[PDB]
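Student: Got a structure here, written out as structure tokens. Questions coming.
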Amino acid sequence: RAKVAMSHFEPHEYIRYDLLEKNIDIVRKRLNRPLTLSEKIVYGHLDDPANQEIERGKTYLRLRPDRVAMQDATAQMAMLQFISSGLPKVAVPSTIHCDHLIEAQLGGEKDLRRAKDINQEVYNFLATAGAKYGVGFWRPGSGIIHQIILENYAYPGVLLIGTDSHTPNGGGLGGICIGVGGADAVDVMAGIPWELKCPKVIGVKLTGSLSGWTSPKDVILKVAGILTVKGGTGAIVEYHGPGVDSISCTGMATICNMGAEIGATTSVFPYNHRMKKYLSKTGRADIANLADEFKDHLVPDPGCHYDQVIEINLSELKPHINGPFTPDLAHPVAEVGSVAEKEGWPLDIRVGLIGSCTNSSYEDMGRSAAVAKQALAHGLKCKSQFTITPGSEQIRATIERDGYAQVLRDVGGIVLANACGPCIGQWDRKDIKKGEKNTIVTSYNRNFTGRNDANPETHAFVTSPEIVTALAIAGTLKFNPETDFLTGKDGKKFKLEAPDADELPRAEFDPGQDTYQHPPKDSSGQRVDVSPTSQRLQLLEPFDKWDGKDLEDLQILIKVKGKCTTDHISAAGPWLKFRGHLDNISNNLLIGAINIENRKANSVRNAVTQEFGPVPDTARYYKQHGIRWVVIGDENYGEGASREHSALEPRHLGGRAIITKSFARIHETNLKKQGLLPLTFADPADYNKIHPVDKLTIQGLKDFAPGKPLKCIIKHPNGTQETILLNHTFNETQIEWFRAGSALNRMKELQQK
Ligand code: SF4
Ligand SMILES: [O]
């Protein structure tokens with residue numbers, strides 16, 4: 001057909017819209033119905049289109065992804081597991097992005113300089129492993145992984161998996177981009193079929209057009225409030241409707257990005273002209289031209305069935321701000337000042353932060369700059385502290401050039417390195433003591449306890465870049481930009497005009513400096529050195545095979561009550577320093593979960609010594625003494641981030657099974673990958689029948705089978721037993737992972753030794 005290349009760095013890897021078409025076709029003959037946009041792109045990528053059992057929400061699809069992307073906080077451990085496989089080269093186009101380890105303190109190029117010193121050991125590891133197995137490397141400073149992917153690797157009809165839960169951002173350019181854990185990326189780097197549970201499809205119909213202060217963020221802040229953090233589990237959100245064409249291409253990225261906060265498998269928009277337009281401005285107009293030739297397969301079939309439909313009228317949606325400690329608690333910016341007052345949330349804003357992969361684009365910076373110059377014209381500057389993060393070198397270089405970075409600096413903002421920064425708590429923040437109650441408003445996406453500054457009493461609210469700027473100029477949550485009046489230097493009252501700005505540079509993009517480094521695909525005769533006395537990197541030892549017997553007399557490490565995020569299971573911020581060292585990082589295991597016994601964080605009773613103390617230390621004592629343990633959890637356990645450390649770390653400290661009401665998808669797949677048993681209650685009221693002092697026997701592991709549940713004998717200390725039933729979603733692929741010890745120990749047996 002045509003020979004159009006996947007990117008500017010892989011001139012020999014072509015887009016295969018001919019193969020997408022071939023398979024879409026084979027499949028709609030078996031099914032005889034309209035296919036939605038995500039069914040087309042997902043099923044066009046099946047390993048066996050003719051024989052694959054397709055049932056939404058029931059069957060497991062064996063898929064073939066087109067490329068793998070890694071950020072440096074999860075790449076370390078994906079590559080250390082790749083090194084253990086023994087495979088010589090990655091089998092699909094893969095990238096490493098160094099965005100997570102650059103701490104905010106001084107601003108801009110000072111922090112970058114300091115990050116390169118402090119973390120050299122790590123960047124060195126990734127760079128060398130990169131050159132050796134054929135993975136491209138984007139150096140520190142390059143940008144946040146999702147801006148670099150939308151700018152360079154994302155295209156209509158791509159199936160891309162990334163080791164980061166915000167990978168759905170790519171749906172803004174018509175692809176299926178799905179977040180996974182390091183062991184899932186190893187399968188595809190190694191050449192085996194990837195499995196995904198067939199999703200349901202929620203359709204959102206957009207209507208009207210966005211006006212004034214309303215922007216792309218408000219649509220996903222309202223869908224999160226409506227569907228809640230557990231609403232999208234097991235479904236792809238498919239956007240459609242007449243109002244789609246009024247949203248920019250980076251606006252659509254904003255909305256697919258934050259679909260992660262409702263647990264969606266991903267989100268996607270259909271190929272339209274705003275996408276075409278953006279591909280051409282990012283030098284990929286040949287791709288724009290080929291997607292027009294394949295257009296029918298990049299839009300939904302007429303009359304397709306959604307399992308749920310929601311409709312939003314863009315012309316009626318007004319500004320929103322979500323939180324304080326969940327992103328689905330939605331308020332409008334018009335009563336947030338009253339609900340905080342009533343609810344005892346701090347009213348004065350200490351810091352305002354625009355950035356992160358959800359809101360770091362040229363359009364976001366320009367709409368921001370436009371509230372900022374109105375304030376400047378009347379001689380005002382920020383009452384709050386103001387920080388600004390650019391999405392990539394290219395956005396940074398271009399907003400510098402078009403004048404926006406200096407308006408943002410003249411109102412009183414500091415520009416930080418092109419990196420996550422304060423968003424995974426890599427902030428050296430010093431305006432508050434620890435435990436001081438305060439309010440910070442961000443244009444980010446999550447606002448979980450202690451996530452931005454390790455201070456559990458920080459009240460964080462998420463909103464849009466232009467509203468964070470209005471509220472930072474004012475310093476108070478009691479300020480509606482639409483109604484109220486500021487006071488200038490002049491002596492007069494003025495009101496803010498709604499921001500206006502271009503979706504993309506009038507000129508072409510200024511690309512900044514060279515941050516990419518291609519694999520030498522010649523040399524590769526590098527050794528990767530991991531110091532044997534290193535505190536940041538450590539090679540892995542395999543886990544044990546299953547013994548062939550049931551799990552009698554299991555100790556309960558903790559029964560968790562309430563919300564339990566992977567930011568609670570394995571904290572980030574200062575702990576990012578140990579993302580290549582399993583033993584050292586295992587010392588944050590569960591320190592933020594609330595124990596039901598005493599309502600406290602990191603304080604559990606050691607069964608033997610009967611003293612109360614830290615969760616990691618009690619799990620090490622149980623492991624030292626031979627006691628096999630379990631965790632008991634509530635609903636939507638493992639919510640949030642995709643980091644596999646939350647499943648590797650209970651395996652290293654002796655954990656055996658985790659039992660909950662429900663699981664979040666990516667954490668449940670990561671638990672089965674590492675040899676653990678994720679199990680749910682067949683009746684959720686049984687959670688109330690298990691007390692912290694009971695012992696549990698999981699039984700019938702010997703004839704473990706898909707569809708057949710497991711029995712759990714709850715041994716109460718008085719001599720009262722009780723049998724309850726536990727369901728699992730394992731298919732037979734997955735049961736071989738468990739019997740072997742981990743997915744990786746299974747993969748190594750298959751290499752004929
Ligand atoms: S959500 Fe924050 S930490 Fe996770 S990728 Fe986006 S900017 Fe980086
Ligand atoms: O993320």
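Labels used: A, B, ... for chains in the order of the structure tokens, numbers from 1 for residues in each chain, and numbers from 1 for ligands as shown.
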Got a sec: who's within 7 Å of region 386-399 of chain A, counting only C-alpha atoms, leaving out chain neighbours fewer than 3 positions off, as a ChimeraX atom specification?
Tutor: /A:141-144,147-148,351-357,360-362,402-405,412-418,472,509-513
Student: If you run DSSP on this backbone, which residues of region 231-277 of chain A come out as strand (DSSP E), and could you give them as a PyMOL selection string?
Tutor: chain A and resi 235-240+266-268
Student: Residues as selected, C-alpha atoms, written as a PDB file, in the first residue's frame, can you do that?
Tutor:
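File produced: result17.pdb:
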ATOM      1  CA  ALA A 235     -15.035  -0.031  29.892  1.00  0.00           C
ATOM      2  CA  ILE A 236     -13.530   2.224  27.149  1.00  0.00           C
ATOM      3  CA  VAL A 237     -15.142   5.738  27.100  1.00  0.00           C
ATOM      4  CA  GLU A 238     -15.925   6.568  23.395  1.00  0.00           C
ATOM      5  CA  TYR A 239     -16.611  10.250  22.711  1.00  0.00           C
ATOM      6  CA  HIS A 240     -18.823  11.337  19.782  1.00  0.00           C
ATOM      7  CA  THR A 266      -8.848   4.079  27.988  1.00  0.00           C
ATOM      8  CA  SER A 267     -10.818   6.837  26.063  1.00  0.00           C
ATOM      9  CA  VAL A 268     -10.806   7.855  22.310  1.00  0.00           C
TER      10      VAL A 268
END
Student: How would you write, as a ChimeraX atom specification, the set of residues no farther than 8 Å from ligand 1 when counting only C-alpha atoms and all ligand atoms?
Tutor: /A:99-100,144-146,164-166,355-358,419-424,444-446,641
Student: Counting only C-alpha atoms, what is within 8 Å of residue 50 (chain A), bar same-chain residues fewer than 2 positions away, as a ChimeraX atom specification?
Tutor: /A:26-27,48,52
Student: Show me a table, sorted first by chain and then by increasing residue number, of the residues of region 514-629 of chain A having an atom at most 12 Å from region 317-333 of chain A, each with its shortest atom pair and the distance in Å to one decimal, counting only C-alpha atoms and written as JSON lines.
Tutor:
{"residue": "A:563", "atom": "CA", "partner": "A:326", "partner_atom": "CA", "distance": 9.4}
{"residue": "A:564", "atom": "CA", "partner": "A:326", "partner_atom": "CA", "distance": 11.5}
{"residue": "A:565", "atom": "CA", "partner": "A:326", "partner_atom": "CA", "distance": 10.4}
Student: Grab the residues selected above and save them as a PDB file, in the first residue's frame with N, CA, C and O atoms.
Tutor:
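Final output, saved to part-v2.pdb:
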ATOM      1  N   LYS A 563     -10.842   4.033  51.209  1.00  0.00           N
ATOM      2  CA  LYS A 563     -10.060   4.245  49.986  1.00  0.00           C
ATOM      3  C   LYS A 563      -8.589   3.838  50.128  1.00  0.00           C
ATOM      4  O   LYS A 563      -7.955   4.327  51.058  1.00  0.00           O
ATOM      5  N   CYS A 564      -8.087   2.953  49.247  1.00  0.00           N
ATOM      6  CA  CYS A 564      -6.716   2.457  49.236  1.00  0.00           C
ATOM      7  C   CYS A 564      -6.172   2.311  47.804  1.00  0.00           C
ATOM      8  O   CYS A 564      -6.253   1.273  47.129  1.00  0.00           O
ATOM      9  N   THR A 565      -5.684   3.487  47.450  1.00  0.00           N
ATOM     10  CA  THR A 565      -4.936   3.958  46.300  1.00  0.00           C
ATOM     11  C   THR A 565      -3.551   3.306  46.129  1.00  0.00           C
ATOM     12  O   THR A 565      -3.015   2.889  47.165  1.00  0.00           O
TER      13      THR A 565
END
Student: For region 339-346 of chain A, list every protein, DNA or RNA residue within 7 Å, evaluated using only C-alpha atoms, and leave out those in the same chain fewer than 3 positions away; present the list as a list in words.
Tutor: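 Everything that qualifies: residues 335, 336, 438 and 439 of chain A.
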Student: Next, the residues of the selection above should be written as a short mmCIF file (atom, residue, chain, number, x, y, z; two decimals), in the first residue's frame with N, CA, C and O atoms.
Tutor:
data_model
loop_
_atom_site.label_atom_id
_atom_site.label_comp_id
_atom_site.auth_asym_id
_atom_site.auth_seq_id
_atom_site.Cartn_x
_atom_site.Cartn_y
_atom_site.Cartn_z
N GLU A 335 -19.96 27.87 43.65
CA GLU A 335 -20.20 27.63 45.08
C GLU A 335 -19.03 26.99 45.81
O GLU A 335 -19.19 26.73 47.01
N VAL A 336 -17.89 26.67 45.17
CA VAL A 336 -16.79 26.08 45.94
C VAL A 336 -16.40 26.92 47.17
O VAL A 336 -16.21 26.33 48.24
N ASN A 438 -3.63 23.39 54.84
CA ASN A 438 -3.62 24.47 53.83
C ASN A 438 -4.30 24.12 52.52
O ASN A 438 -4.59 22.95 52.27
N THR A 439 -4.56 25.13 51.70
CA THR A 439 -5.10 24.87 50.39
C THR A 439 -4.16 25.23 49.20
O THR A 439 -3.68 26.37 49.05
#
Student: Give me the residues near region 623-634 of chain A as a list in words, where near means some atom within 6 Å (using only C-alpha atoms) and where sequence neighbours in that chain fewer than 5 positions away do not count.
Tutor: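 Non-adjacent residues within range: residues 554, 555, 556, 557, 558, 559, 560, 654, 655, 656, 657, 658, 659, 660 and 661 of chain A.
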Student: Quick one: residues within 10 Å of residue 269 (chain A), only C-alpha atoms counted, chain neighbours fewer than 6 positions away excluded, as an MDAnalysis selection string?
Tutor: chainID A and resid 37:38 156 170:176 237:240 244 249 252:253 255:256 275 298:300
Student: As an MDAnalysis selection string, please: the residues near residue 45 (chain A) (cut-off 7 Å, only C-alpha atoms, same-chain neighbours under 4 positions excluded).
Tutor: chainID A and resid 20 41 63:64
Student: Dump C-alpha atoms for the selected residues as a PDB file, in the first residue's frame?
Tutor:
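Output file result_9.pdb follows:
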ATOM      1  CA  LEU A  20      -6.154  -3.042  10.463  1.00  0.00           C
ATOM      2  CA  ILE A  41      -9.174  -0.462  16.528  1.00  0.00           C
ATOM      3  CA  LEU A  63      -3.579  -8.625  21.138  1.00  0.00           C
ATOM      4  CA  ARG A  64      -0.564  -7.271  19.267  1.00  0.00           C
TER       5      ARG A  64
END
Student: Enter the distance from CA of residue 73 (chain A) to CA of residue 426 (chain A), in Å, rounded to one decimal.
Tutor: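 Computing the Euclidean distance for CA of residue 73 (chain A) and CA of residue 426 (chain A) yields 11.9 Å.
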Student: Can you measure CA of residue 695 (chain A) to CA of residue 715 (chain A) for me? One decimal in Å is fine.
Tutor: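 Between CA of residue 695 (chain A) and CA of residue 715 (chain A) the gap works out to 5.1 Å.
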Student: When you count only C-alpha atoms, which of these residues is closest to residue 257 (chain A): A:167, A:533, A:670, A:464?
Tutor: A:167
Student: Residues of region 130-266 of chain A in helix (DSSP H, G or I) according to DSSP, as a PyMOL selection string?
Tutor: chain A and resi 130-133+145-152+167-173+182-189+216-227+242-246+249-262
Student: So what do you get for CA of residue 376 (chain A) versus CA of residue 406 (chain A), distance-wise?
Tutor: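 Answer for the CA of residue 376 (chain A) to CA of residue 406 (chain A) separation: 11.5 Å.
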Student: Could you check which of A:400, A:716, A:648, A:258 is closest to ligand 2, using only C-alpha atoms and all ligand atoms?
Tutor: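 Selected residue with least distance to ligand 2: A:258.
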Student: Restricting the calculation to only C-alpha atoms, which member of A:290, A:474, A:427, A:28 is positioned closest to residue 453 (chain A)?
Tutor: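 Checking each of A:290, A:474, A:427, A:28 against residue 453 (chain A), counting only C-alpha atoms, the winner is A:427.
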Student: Given the choices A:454, A:180, A:596, A:2, which gets closest to ligand 2 if the distance is worked out from only C-alpha atoms and all ligand atoms?
Tutor: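 Once distances to ligand 2 are computed over only C-alpha atoms and all ligand atoms, the minimum belongs to A:180.
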Student: Taking into account only C-alpha atoms and all ligand atoms, which residue in the set A:572, A:486, A:24, A:219 is nearest to ligand 2?
Tutor: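 Ranking A:572, A:486, A:24, A:219 by distance to ligand 2, first place goes to A:572.
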Student: Give the answer as one residue: which of A:492, A:673, A:643, A:433 has the shortest atom-to-atom distance to ligand 2, using only C-alpha atoms and all ligand atoms?
Tutor: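 Ranked by minimum distance to ligand 2, first place goes to A:643.
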